[PDB]
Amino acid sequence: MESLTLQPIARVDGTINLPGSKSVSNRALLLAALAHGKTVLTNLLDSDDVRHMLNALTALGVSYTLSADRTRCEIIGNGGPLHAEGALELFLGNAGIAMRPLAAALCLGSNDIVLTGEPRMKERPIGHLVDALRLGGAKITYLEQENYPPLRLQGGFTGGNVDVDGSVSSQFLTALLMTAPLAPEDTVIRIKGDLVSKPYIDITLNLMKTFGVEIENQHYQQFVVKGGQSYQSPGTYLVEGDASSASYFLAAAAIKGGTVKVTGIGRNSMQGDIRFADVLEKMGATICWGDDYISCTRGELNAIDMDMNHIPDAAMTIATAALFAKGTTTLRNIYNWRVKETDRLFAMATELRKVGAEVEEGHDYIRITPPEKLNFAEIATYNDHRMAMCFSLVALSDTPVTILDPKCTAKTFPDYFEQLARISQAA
């Protein structure tokens, strides 16, 4: 078992040029592949999730080239739905934003493709999306456990009236939204009840528009899509820096700064996780906004009690930042933490207790009461990049922390530890 031990960090201060957004990267790659024309993506993220999408595109016959650092990609658009037969197997690691979007997109026309991934991916739900795709005409078979990958896709999505449950993942709706425009018939997507992670739907619509397609959003309850459309290359497109990856650095300043500035995202960003900065502000930190940066300067840090459904990923960073706050922090309406890279409510509660916190693991919330002082712990990371990055913050105390399997950060941020070190100061 690999591990990394982080020495106590006395202060953080500096600037970080963010790696590209995973959410934007995978959407841009899939849309560029489906579009007509050549798209040049810059500031693309090089991480496992994007690599799996790139490999999938290669396997489907899409032609593209990558720069030496894998952040510039010149994609030759396919000019329409992607195709493959012979039950071609596409391995997608544990990348939900590759798995969900491709499960929908590859239902267009005829195909015989199998989508699979790591063991955990075979335990992450996809039934709500399969249900919707089938209502639209798709033929989809569960090869193992019903409602989970792996899936054998044999095509047939033509459009029509499609209901979709948006209560567990917004990715199912995102997948439908990107696929529907290319279907032969018009599609009316009706959300069954609640819609979680709503800001990600805005990222999807933003990218679709960049690639030439707009739809009718009726207060996020129903989306009217015209079929027979075509995506078009936007030419050169700059992938925003990752706002979720930025959370660790901004939180580090809130706890132990100093001022930390992250570049690549700013006040105009489409990512909902830039709202993480508003949470740090509510806790007592000072935030500065720019056109291409966000910075955080140490102020004070007070506990908060907030519904975090709008920033589920960056919300994990508040869970460990809470170790340094005054009072008990409560993060609510985050049930789907349970169905992501690992069951994050169980994992976060378990590891937080190891460093001394008293934690109530609620069914869909977590309540954290920090200890007077933290103690050393060897942190399990559950094959979850964010468990490793969130717990790295424990080192902003008088105690070191050992992080197991630190390379798990590669899912979205391979260079995480070197970047944290960049802003770590001895004085």
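Start at 1 and count along the sequence shown; that's the residue number.
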Give the stretch, out of 236-244 and 81-89, with the larger mean C-alpha temperature factor in the deposited entry.
81-89
Segment of higher mean CA temperature factor, 135-143 or 310-318
135-143
192, 332, 338, 120, ranked by C-alpha B-factor: the highest one:
192
Out of 255, 303, 103, 178, which shows the largest CA B-factor listed in the entry?
303
What third of the chain does residue 414 rank in for C-alpha temperature factor, lowest, middle or highest?
middle
Could you say whether, by C-alpha temperature factor, residue 372 belongs to the lowest, middle or highest third of its chain?
highest
Quick check on the deposited entry: does the C-alpha B-factor of residue 407 sit in the lowest, middle or highest third of its chain?
middle
Of the three thirds of its chain by CA temperature factor, lowest, middle or highest, which one includes residue 115?
lowest
Among all modelled residues of this chain, ranked by Cα B factor, put residue 229 in the bottom, middle or top third, i.e. lowest, middle or highest.
highest
